[PDB]
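The structure under discussion appears below in the form of C-alpha cells.
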Amino acid sequence: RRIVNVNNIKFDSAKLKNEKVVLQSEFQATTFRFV
Amino acid sequence: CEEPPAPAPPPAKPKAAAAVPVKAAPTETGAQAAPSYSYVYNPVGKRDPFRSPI
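Chains as they are written, first to last, in the deposited numbering: chain Oh, 155 to 189; chain Pg, 5 to 58.
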C-alpha cells in the first residue's frame, strides 16, 4: 500500500564453489517524495 | 508589588520591554526541506568495438 516502485532487478548464486543452492538478490525500488 | 496591570506609564516597561523585545525575531523560519537534485546524462554510445571483439 505504499509507493515502492520496484524496477531494475538482479540476482545470482552466492556460493563460490556452488555446493548448495542460494541466490543473492539485489532489487532496486524507489518512492517519490515532493521537491 | 505590581498590580493587575501595574499603574499608567506603564510604569517602567521602558526597562522590561527594552531589555526585552527580544529580539523576537521571531524566526518563522528554519524548518524542513524537500531538498533538490541534479540530473543525468549524456550519451548514445559509438561502435567500433564491441561488435568485432564479441
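No residue lacks a Cβ here, since even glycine has one placed at the ideal position from N, Cα and C.
{"Query": "Please state whether the Cβ-Cβ distance between Oh:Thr185 and Oh:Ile157 is less than 8 Å.", "Result": "yes"}
{"Query": "For Oh:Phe181, I'd like the list of residues in its chain whose CB is within less than 7 Å of its CB, leaving aside the five on either flank, ordered along the chain.", "Result": "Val160 and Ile163"}
{"Query": "DSSP three-state call for residue 70 of chain Pg: helix, strand or coil?", "Result": "The first residue shown for chain Pg is 5 and the last is 58, placing residue 70 of chain Pg beyond what the model contains."}
{"Query": "Rounded to the nearest angstrom, how far is the Cβ of Pg:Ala38 from that of Oh:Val189, given a contact under 8 Å?", "Result": "5 Å"}
{"Query": "Taking only three categories from DSSP, how would you classify Oh:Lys169?", "Result": "coil"}
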